[PDB]
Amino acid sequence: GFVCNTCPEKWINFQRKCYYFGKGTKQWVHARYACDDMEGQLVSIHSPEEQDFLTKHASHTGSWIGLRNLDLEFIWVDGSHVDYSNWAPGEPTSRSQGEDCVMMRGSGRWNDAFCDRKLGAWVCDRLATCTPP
């Protein structure tokens, strides 16, 4: 096994991951289950290179991402902590209470909005399968 760029039908390869750029009106939790029932998760961005690819295919309206708030601290759906951050200027707002779910704007910048908000786009990500040369 050396080459990891093997994608299922309708998924787009980037680096060592597969991405599905889903459409249709969905609440954060609804988009959380849309990927889980597809054998994927809501997207976890960890590199500027990943973000740049994501921005290129993402809908201008705004896509849900796998980041959310708790208590403590923002953590991705995979459980990973935030290392790379592409927050919009002045984000995350530490006064807007209830805005615990993160979305990604057309520009790629992330905004933290209400979980009950209906967005037209949502991005999923899974691991890319391998091939032995």
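Position 1 is the first residue in the sequence shown; the rest follow in order. Take the two forms, superpose them, and find the largest set of C-alpha atoms that agree within 1.5 Å; that set is the rigid core.
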RMS Cα shift after core superposition in 4 other deposited structures of this protein, winner of 44-52 and 76-84
76-84
Select between 88-96 and 30-38 the stretch whose C-alpha atoms have the higher average B-factor in the entry.
88-96
Stretch with the greater mean C-alpha B-factor as recorded in the entry, comparing 111-119 against 5-13:
5-13
Checking the record values for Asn69, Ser44, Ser59, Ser47, which has the greatest CA B factor?
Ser59
